[PDB]
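Q:
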Amino acid sequence: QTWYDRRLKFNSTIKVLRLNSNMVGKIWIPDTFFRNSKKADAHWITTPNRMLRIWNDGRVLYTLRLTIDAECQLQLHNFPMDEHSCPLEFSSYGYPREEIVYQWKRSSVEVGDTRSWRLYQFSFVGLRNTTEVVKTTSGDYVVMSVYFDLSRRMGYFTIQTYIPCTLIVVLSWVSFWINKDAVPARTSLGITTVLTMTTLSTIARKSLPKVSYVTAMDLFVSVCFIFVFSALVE
Amino acid sequence: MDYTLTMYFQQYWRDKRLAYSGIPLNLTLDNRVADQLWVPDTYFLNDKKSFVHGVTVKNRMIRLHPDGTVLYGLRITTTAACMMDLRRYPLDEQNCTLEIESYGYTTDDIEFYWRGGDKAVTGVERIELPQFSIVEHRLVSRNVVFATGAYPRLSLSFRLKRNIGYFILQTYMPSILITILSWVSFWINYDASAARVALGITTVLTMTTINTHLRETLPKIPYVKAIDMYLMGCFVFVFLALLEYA
Amino acid sequence: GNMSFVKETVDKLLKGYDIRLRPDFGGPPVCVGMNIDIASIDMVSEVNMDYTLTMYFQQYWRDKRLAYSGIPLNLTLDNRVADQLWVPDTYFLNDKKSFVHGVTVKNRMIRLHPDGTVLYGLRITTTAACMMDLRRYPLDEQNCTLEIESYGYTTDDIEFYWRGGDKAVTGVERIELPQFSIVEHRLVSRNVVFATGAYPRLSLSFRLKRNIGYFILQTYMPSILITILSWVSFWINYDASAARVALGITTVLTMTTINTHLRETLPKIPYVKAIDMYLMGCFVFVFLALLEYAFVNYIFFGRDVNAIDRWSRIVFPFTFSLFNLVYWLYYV
Amino acid sequence: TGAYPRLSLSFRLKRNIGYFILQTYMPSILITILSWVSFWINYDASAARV
Amino acid sequence: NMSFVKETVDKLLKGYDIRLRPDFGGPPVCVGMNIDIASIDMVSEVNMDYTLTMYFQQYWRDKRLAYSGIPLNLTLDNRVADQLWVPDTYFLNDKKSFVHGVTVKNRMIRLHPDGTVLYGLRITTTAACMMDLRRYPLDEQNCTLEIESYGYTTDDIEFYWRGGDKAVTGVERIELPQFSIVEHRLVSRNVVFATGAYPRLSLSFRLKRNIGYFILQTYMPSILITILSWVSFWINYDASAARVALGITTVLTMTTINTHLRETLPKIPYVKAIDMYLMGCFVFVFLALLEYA
Amino acid sequence: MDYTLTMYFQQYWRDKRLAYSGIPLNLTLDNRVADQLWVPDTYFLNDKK
Amino acid sequence: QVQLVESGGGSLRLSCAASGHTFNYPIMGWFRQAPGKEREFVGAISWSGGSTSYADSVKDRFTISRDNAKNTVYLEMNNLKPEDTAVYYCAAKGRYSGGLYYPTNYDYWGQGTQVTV
Amino acid sequence: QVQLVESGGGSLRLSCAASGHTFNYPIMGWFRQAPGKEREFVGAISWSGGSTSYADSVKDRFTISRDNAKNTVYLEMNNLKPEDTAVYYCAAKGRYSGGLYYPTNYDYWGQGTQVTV
Ligand SMILES: *[C@@H]1O[C@H](CO)[C@@H](O[C@@H]2O[C@H](CO)[C@@H](O[C@@H]3O[C@H](CO[C@H]4O[C@H](CO[C@H]5O[C@H](CO)[C@@H](O)[C@H](O)[C@@H]5O)[C@@H](O)[C@H](O[C@H]5O[C@H](CO)[C@@H](O)[C@H](O)[C@@H]5O)[C@@H]4O)[C@@H](O)[C@H](O[C@H]4O[C@H](CO)[C@@H](O)[C@H](O)[C@@H]4O)[C@@H]3O)[C@H](O)[C@H]2NC(C)=O)[C@H](O)[C@H]1NC(C)=O
Ligand SMILES: *[C@@H]1O[C@H](CO)[C@@H](O[C@@H]2O[C@H](CO)[C@@H](O[C@@H]3O[C@H](CO[C@H]4O[C@H](CO)[C@@H](O)[C@H](O[C@H]5O[C@H](CO)[C@@H](O)[C@H](O)[C@@H]5O)[C@@H]4O)[C@@H](O)[C@H](O[C@H]4O[C@H](CO)[C@@H](O)[C@H](O)[C@@H]4O)[C@@H]3O)[C@H](O)[C@H]2NC(C)=O)[C@H](O)[C@H]1NC(C)=O
Ligand SMILES: *[C@@H]1O[C@H](CO)[C@@H](O[C@@H]2O[C@H](CO)[C@@H](O[C@@H]3O[C@H](CO[C@H]4O[C@H](CO)[C@@H](O)[C@H](O)[C@@H]4O)[C@@H](O)[C@H](O[C@H]4O[C@H](CO)[C@@H](O)[C@H](O)[C@@H]4O)[C@@H]3O)[C@H](O)[C@H]2NC(C)=O)[C@H](O)[C@H]1NC(C)=O
Ligand SMILES: CCCCCCCC/C=C/CCCCCCCC(=O)O[C@H](COC(=O)CCCCCCCCCCCCCCC)COP(=O)(O)OC[C@@H](O)CO
Ligand SMILES: *[C@@H]1O[C@H](CO)[C@@H](O[C@@H]2O[C@H](CO)[C@@H](O[C@@H]3O[C@H](CO)[C@@H](O)[C@H](O)[C@@H]3O)[C@H](O)[C@H]2NC(C)=O)[C@H](O)[C@H]1NC(C)=O
Ligand SMILES: *[C@@H]1O[C@H](CO)[C@@H](O[C@@H]2O[C@H](CO)[C@@H](O[C@@H]3O[C@H](CO)[C@@H](O)[C@H](O)[C@@H]3O)[C@H](O)[C@H]2NC(C)=O)[C@H](O)[C@H]1NC(C)=O
Ligand SMILES: *[C@@H]1O[C@H](CO)[C@@H](O[C@@H]2O[C@H](CO)[C@@H](O[C@@H]3O[C@H](CO)[C@@H](O)[C@H](O)[C@@H]3O)[C@H](O)[C@H]2NC(C)=O)[C@H](O)[C@H]1NC(C)=O
Ligand SMILES: *[C@@H]1O[C@H](CO)[C@@H](O[C@@H]2O[C@H](CO)[C@@H](O[C@@H]3O[C@H](CO)[C@@H](O)[C@H](O)[C@@H]3O)[C@H](O)[C@H]2NC(C)=O)[C@H](O)[C@H]1NC(C)=O
Ligand SMILES: *[C@@H]1O[C@H](CO)[C@@H](O)[C@H](O)[C@H]1NC(C)=O
Ligand SMILES: CCCCCC
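Chains as they are written, first to last, in the deposited numbering: chain A, 80 to 313; chain B, 55 to 300; chain C, 7 to 309, 419 to 447; chain D, 202 to 251; chain E, 8 to 300; chain F, 55 to 103; chain G, 1 to 9, 403 to 510; chain H, 1 to 9, 403 to 510.
Right, here's the structure in full:
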């Protein structure tokens with residue numbers, strides 16, 4: 080965060096001063112907070128991971144290192160073929176729009192090498208920044224948001240649910256080539272296949288929150304169960 | 055038996071010591087000035103664990119007004135106990151409350167009220183959570199009594215109705231279809247003992263496993279519940295189906 | 007109440023106050039009365055062998071240094087005043103992890119009285135160890151305790167007692183444990199001798215009786231049902247080899263699965279529980295059913420089937436009922 | 202950097218065996234009895250002994 | 008003499024500006040670094056990170072803390088570190104980390120007559136490691152710890168490994184159950200931006216996974232279920248119940264141990280070696296059952 | 055590969071700077087005085103937390 | 001919202410039966426009131442029923458039990474005394490009210506069955 | 001509550410049998426009282442493992458063992474001396490009592506067996 084403070088003007092040949100963490104608590108700094116952060120932390124070793132620089136004109140730069148667990152409501156209807164736009168919002172807690180205004184610096188959100196990121200189930204498509212004004216009980220506040228576009232990857236669920244469902248359905252179809260008089264064998268095939276479908280449904284749906292609507296995998300498993308049940312009743 | 059809840063908690067009180075004149079605007083001071091001012095000793099009675107967020111700074115608001123009014127704001131994430139009556143589960147409707155009380159001061163020293171009347175609490179309509187739906191919320195004010203004395207209290211209560219869509223497509227409908235499939239043994243010829251008995255034992259084992267998968271996410275409660283009764287009924291049906299061929 | 011005289015009085019209560027010295031340093035010991043108001047007992051873990059307890063802990067003593075005249079009413083000061091006063095070094099001996107709640111402020115009470123009396127209240131959540139005897143589990147009855155002690159001061163310097171005696175602890179009726187019910191609670195006061203000296207101690211004990219309904223609904227009923235399903239094999243004709251062996255194999259597999267599911271949710275104690283005795287009884291019953299079929303099969307073809424089948428049918432329910440009756444009378 | 206003083210408190214712990222007797226050995230033995238009882242079952246009962 | 012030292016220390020600490028680095032207008036201060044690895048006590052593929060405990064030592068030189076006459080190095084209480092300047096070293100790829108704090112803060116300050124300052128800390132850090140689980144459980148991971156300066160460029164501070172390749176010790180102390188340290192490396196770089204060049208150090212390990220546990224976990228039972236499928240052929244063609252039950256039971260078993268696999272692994276987007284083996288054995292038992300059909 | 059241990063850890067040493075005449079008995083001071091006294095930098099080598 | 005109906009009124406056994414949202418009001422309590430003096434606490438019983446509390450002057454003479462399912466509380470009164478003549482009430486208290494002995498913490502009240510001896 | 005009875009009073406093997414709530418009082422201890430002399434601590438045995446502690450006087454001469462089946466504690470005496478002529482008691486201690494050598498920390502006591510050899 081960069082801002083001008085005329086009270087910190089200093090005249091000397093030194094054009095910039097680095098202040099230790101002691102003076103971070105002795106000057107005014109913004110009370111910026113992340114609105115949608117369930118839990119956020121600042122790093123502390125070896126020293127507090129923060130920086131404060133002051134220029135002779137009065138400009139102040141304050142840098143911090145943060146780890147934030149931000150909530151992202153997910154519409155898991157097209158799961159596991161679902162894309163999301165997860166936000167990260169922040170604003171001043173105390174100061175309304177008449178007192179503090181945030182602006183996006185030119186080329187604000189830098190992203191390094193995306194390959195080094197910790198994502199393994201999703202893929203990062205892009206990002207977009209926005210600014211707006213939110214009215215609350217205490218006043219109107221400038222809210223600054225960064226949306227990250229994420230797209231789920233299909234490999235795990237394709238390997239672990241779809242292919243097993245198809246292969247157990249083929250196992251169900253194998254019964255039709257058995258003789259009509261092999262009653263225990265064909266009965267075992269049908270009953271075992273429906274048990275396998277139930278088990279697959281449970282272990283497929285336990286990879287989600289307890290949402291009260293159907294998903295693509297639930298639909299696929301339902302159709303596979305219908306197929307094997309049709310074979311059994313046949 | 056607990057709900058986590060994040061909220062902006064704001065308190066307003068008049069203080070003659072903090073009255074100023076000559077400045078026609080309300081003063082928003084740095085949050086650390088709260089260390090130099092009296093603030094009410096409010097706390098949440100049914101709390102199990104809570105904290106005030108602290109990034110980038112302590113999420114705290116202090117705002118003075120010329121007359122003397124002080125507005126004090128906090129951003130609090132709190133886990134609060136909520137005893138649940140899981141007798142009609144998952145067709146149950148729970149009542150979860152947050153009780154707010156002064157720790158030290160009796161009613162002779164401090165008095166609580168809901169600012170803005172019934173519209174004191176906002177943002178409830180915008181809440182969305184998968185397993186439940188907030189049917190109604192209510193605000194109450196009381197004066198409780200202890201040996202030490204009488205204390206103010208406020209109460210924010212919510213009524214949560216569980217959405218019965220997950221259990222229909224995980225518990226009820228698989229058990230039902232297992233029951234119709236167990237009925238297939240009647241149509242099979244009588245002399246095929248291996249097939250009919252195999253179907254019966256498999257259906258009974260299926261019911262026992264589906265019973266075992268349930269009741270793990272649930273507490274260790276003594277009494278029986280609706281889903282338990284339904285599963286026991288389906289179990290009795292498949293058991294009688296096997297006893298029929300016996 | 008001009009509110010400046012109060013400030014003067016509180017200021018000259020302090021300004022010569024040494025927090026490092028207890029009241030009556032070198033004099034007789036300070037008598038500290040204690041009372042508890044239990045809010046809840048959230049958990050009782052057999053695996054961790056402990057329980058979580060939330061309470062209001064009130065200590066009450068007298069400090070002549072904090073005596074004031076004039077103001078004839080009790081001073082309910084801000085909780086931060088507790089930082090500038092001597093307080094007893096009370097602690098919970100058997101606690102594993104505890105904290106004082108701190109939202110919106112530190113949940114602390116300080117109340118002064120004109121005769122120097124101090125009332126100091128805290129809101130404490132504490133996990134406390136409770137060793138449990140699971141020999142008669144789940145028909146067991148546990149004794150859990152909270153042990154309050156002075157860390158630094160011996161009986162020469164401090165003394166503990168319960169305020170109101172047996173009425174010191176309240177809120178026992180507020181406890182709502184789904185698995186347990188508090189039969190009784192007790193208060194004890196004693197002195198414990200160490201190498202360094204003799205220290206005061208208070209003890210608050212609870213007796214918890216476990217509710218059996220969940221285990222009736224979970225453990226016993228499936229075992230009985232699987233045993234009956236094993237009995238069903240006797241009615242099937244002897245020639246149905248696959249049908250009659252299928253019941254035995256599924257009964258024994260289900261019983262072993264029940265055993266694993268039951269034993270993988272409790273501490274790895276080395277002794278046998280009541281539930282283990284009942285479970286092994288049911289296992290050997292289904293085992294005897296399977297061996298009965300095997301013996302019949304050996305006798306008939308491959309060596419009367421009707422006589423032994425009828426005898427098994429009439430005797431197995433009788434023997435199992437006798438076993439259940441003996442077990443339930445023994446453990447009740 | 203240099204030589205430093207150290208104290209050490211060692212405990213020797215012996216494991217009890219009853220829990221593992223009830224958990225692992227006896228189920229294996231009983232299922233081995235299940236394995237051998239196939240022998241007393243007779244021939245042509247392929248669905249049974251298999 | 009004792010008193011000579013006693014007021015010498017107070018003379019040193021007096022008039023010391025903590026807010027300014029050594030040689031504020033002069034060349035950059037050189038900070039040598041040592042790491043004594045106490046243990047790597049956890050390597051989670053689920054969270055894809057490893058926990059590392061170490062003694063992190065930093066050596067630099069400050070003219071302001073120079074004393075003469077006293078012929079020995081003064082070891083001071085760790086709290087003196089609050090008054091002295093120290094570099095703003097941090098770990099770029101750490102997630103959660105802390106300095107141990109029992110009985111006191113495990114920290115060390117040692118001064119030397121010339122002005123050399125030795126600053127030691129006991130740090131447990133959970134560093135993120137990107138794991139390529141394509142050849143799992145026959146994989147070989149490369150886990151690194153990156154050391155950076157938060158707000159100093161190469162014009163103000165310089166990092167180097169004190170002792171060269173011998174800067175890092177205690178690697179032999181590492182004892183992981185399912186891993187074996189094959190090699191460790193030290194790298195020193197200067198990350199260059201338009202703003203300026205910033206120092207960087209890196210300590211890398213190659214971790215080779217042990218294979219015996221996975222041989223006893225997945226491969227052996229899979230081969231055993233394949234043999235159970237095989238013995239179907241010796242059973243008669245007439246016995247429909249036996250053949251079909253054996254084949255389908257092998258299929259169900261293969262699915263079940265497939266489910267137990269990936270129980271404690273990340274939901275990766277690609278196939279593994281273990282997955283290749285399990286699908287191959289599934290294919291074998293499936294053709295066995297289909298042949299009987 | 056660890057175990058949890060609870061204990062009372064007592065350390066005894068001598069500091070001539072803290073020698074006093076007059077008061078002929080032990081001074082059991084408040085726990086907060088320790089911040090104004092030198093104490094050994096004792097620590098447990100193999101502790102994880 | 002719970003409605004309480006009393007009954008009863403040697404040894405005398407009063408009974409109070411509740412109907413409504415009894416789960417939200419776990420604590421049940423018997424109070425007594427004589428003419429010329431305020432209602433006074435007699436006893437209290439919890440949801441599980443294992444924990445019971447009594448007034449100081451009714452120890453070992455009166456006893457309280459809770460029958461769940463039936464949803465009733467029974468107050469059996471032995472060795473009655475002349476001062477025991479009074480109107481007896483049964484009341485319900487919420488989960489977070491605090492203080493058994495204070496009638497103001499109780500939301501719903503009974504009818505006040507008379508007892509004379 | 002616990003009831004202790006000690007008997008079996403130079404190869405003496407005293408035996409103290411305990412009955413009652415033995416779980417609540419895990420540690421057991423043998424004490425000695427000489428004629429007209431203060432009670433002194435002889436030895437102590439733990440619960441479920443028999444971790445033993447001794448006095449300096451009787452180390453490597455007296456031994457204590459625990460049965461945990463009959464619920465008995467055996468004190469085996471070797472290398473007897475004339476000074477080992479006293480009344481020997483067995484006593485139980487609670488989980489949180491502190492100190493093994495102090496009789497006041499022990500709740501229940503045996504009658505005492507006299508030894509003159
Ligand atoms: C979820 O569960 C919770 C918990 O079970 C449940 O909570 C109950 O909700 C009901 C409301 O639906 C609460 O009951 C209300 O309580 C109101 C407060 O009454 C008390 O205080 C009165 C003092 O008046 C002042 O109160 C405050 C300041 O303290 C403030 O509003 C004003 O200053 C006001 O002047 C007091 O008079 C009253 O007295 C009781 O006792 C006397 C006898 O001594 C008796 O005559 C009274 O009737 C009363 O029982 C009490 O101490 C109360 O105002 C409100 O009143 C309703 O009825 C009147 C008509 O009788 C209407 O005029 C009024 O508009 C209300 O409809 C009502 O009684 C109850 O307290 C909650 N439970 C608990 C334990 O607190 C939730 O509702 C559940 N559901 C959801 C989804 O939230
Ligand atoms: C839960 O589980 C715990 C585990 O033990 C149970 O704990 C025990 O509860 C009992 C109460 O039933 C406690 O006994 C009480 O102890 C007090 C302590 O007084 C002490 O202080 C006296 C001075 O004030 C001192 O004289 C005492 O010493 C005398 O007695 C000992 C032993 O007999 C003797 O060796 C001495 O020489 C003294 O003669 C002692 O140091 C005691 O005062 C109580 O006495 C009452 O009961 C006795 C017997 O009826 C009676 O004679 C008295 O007049 C008095 O009425 C009582 O003995 C015991 O201390 C607890 N255990 C521990 C380790 O503290 C707990 O009860 C369980 N609770 C539940 C709810 O299940
Ligand atoms: C785990 O994974 C990481 C990432 O892949 C590996 O890190 C790389 O390791 C290699 C060494 O094995 C590093 O390469 C070396 O970097 C040195 C630093 O160079 C400085 O100077 C050059 C030239 O100006 C600059 O470009 C650079 O930024 C530095 O300022 C080089 O000096 C090394 O030179 C090599 O070649 C010369 C001859 O040409 C030889 O004399 C040298 O000895 C040497 O062989 C070399 O290039 C590389 O930088 C690391 N990458 C990163 C991202 O850090 C780990 O090695 C790996 N760990 C394990 C255990 O496998
Ligand atoms: C070729 C064959 C083609 C067949 C293709 C079949 C097509 C299948 C789609 C059906 C309709 C889907 C949309 C409508 C139902 C799903 C949407 C839904 O929410 O329904 C709930 C109940 O019903 C539901 O859960 C679901 C009801 C429909 C279920 C239909 C079952 C399909 C066959 C199952 C196979 C058995 C094995 C599957 C188990 C292993 C409503 O309650 P509730 O108030 O809480 O929500 C309120 C809100 O706030 C939270 O959801
Ligand atoms: C300083 O802060 C105070 C407190 O918020 C500000 O006063 C409040 O200003 C709002 C907007 O002008 C008032 O709202 C309007 O009031 C009328 C009349 O009551 C009502 O009809 C409208 O619907 C609307 O609510 C509000 O009443 C007023 N507060 C009070 C107690 O009167 C004040 O404007 C701030 N001043 C500055 C310079 O920032
Ligand atoms: C300041 O604090 C003191 C100490 O708590 C308060 O005195 C306590 O006040 C109560 C209420 O008056 C006294 O209770 C009374 O006791 C009599 C005799 O048992 C009883 O008949 C009454 O019904 C009432 O319960 C209590 O004894 C007293 N504490 C003492 C004397 O130690 C005082 O009221 C508070 N306020 C002021 C202004 O001082
Ligand atoms: C005070 O601090 C100094 C500086 O660390 C300590 O001396 C350093 O001590 C070591 C060990 O005696 C010296 O190492 C030796 O180095 C020579 C030259 O490389 C080598 O030939 C020897 O075989 C041995 O390894 C080292 O030279 C010396 N100086 C430096 C700059 O490291 C000293 O021991 C400490 N204590 C006192 C009382 O001075
Ligand atoms: C202040 O604290 C000290 C440290 O604990 C107290 O001192 C020590 O005093 C005891 C008893 O006076 C000495 O006990 C001894 O017992 C053994 C075994 O019976 C006996 O052989 C010795 O002859 C002696 O009597 C202990 O040795 C002694 N230790 C020291 C001084 O290091 C001191 O009593 C306390 N002051 C007051 C006024 O209580
Ligand atoms: C209140 O007491 C203070 C004590 O310093 C005194 O200065 C002031 O004048 C008094 N005011 C009133 C109104 O009594
Ligand atoms: C629990 C009773 C079930 C009855 C089904 C007919």
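Just so it is clear, CB atoms sit at the ideal spot from N, CA and C, and this is done for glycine as well.
With 8 angstroms as the C-beta to C-beta threshold (strictly closer), list the residues of the region 215-230 of chain D near chain C in chain order.
A: Listed by position along the chain: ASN217, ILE218, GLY219, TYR220, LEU223, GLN224, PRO228.
Q: Quick one: does E:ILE130 have its CB under 8 angstroms from some CB of chain A?
A: Taking Cβ atoms only, chain A reaches closer than 8 angstroms to E:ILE130, which makes this a yes.
Q: So, for B:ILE242: in the same chain, excluding its five sequence neighbours on each side, which residues have a beta-carbon less than 8 angstroms away from its beta-carbon?
A: These residues qualify, in order along the chain: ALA249, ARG250, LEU253.
Q: Counting Cβ pairs, one atom from each stretch, are 3 or more of them under 8 angstroms apart for the region 85-98 of chain C and the region 117-137 of chain C?
A: Yes, the region 85-98 of chain C is in contact with the region 117-137 of chain C.
Q: Taking 7 angstroms as the limit, tell me which residues put their C-beta closer than that to any heavy atom of ligand 4, in chain order.
A: Matched residues: A:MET276, A:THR277, A:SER280, A:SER291, A:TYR292, A:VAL293, A:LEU298, A:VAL300, A:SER301, A:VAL302, A:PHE304, A:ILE305, B:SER187, B:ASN217, B:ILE218, B:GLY219, B:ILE222, B:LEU223, B:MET227, B:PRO228, B:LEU231.
Q: Starting from the C-beta of E:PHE98, find all residues in its chain whose C-beta is less than 8 angstroms away, skip the five residues before and the five after it, and write them out in chain order.
A: Only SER104, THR132, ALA134, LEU152, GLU153, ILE154, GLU155 meet the Cβ criterion.
Q: Hey, E:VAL38 and E:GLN65 are a contact pair by Cβ (cut 8 angstroms); roughly how many whole angstroms apart?
A: Between E:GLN65 and E:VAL38 the Cβ distance is about 6 angstroms, and since that is below 8 angstroms, they are a contact.
Q: Nearer than 7 angstroms: is that true of the beta carbon of B:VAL290 relative to any heavy atom of ligand 10?
A: Because some heavy atom of ligand 10 lies under 7 angstroms away, the Cβ of B:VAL290 counts as near it: yes.
Q: Quick check: the region 272-292 of chain B against the region 220-231 of chain B, are there 3 or more CB pairs under 8 angstroms?
A: Touching, yes.
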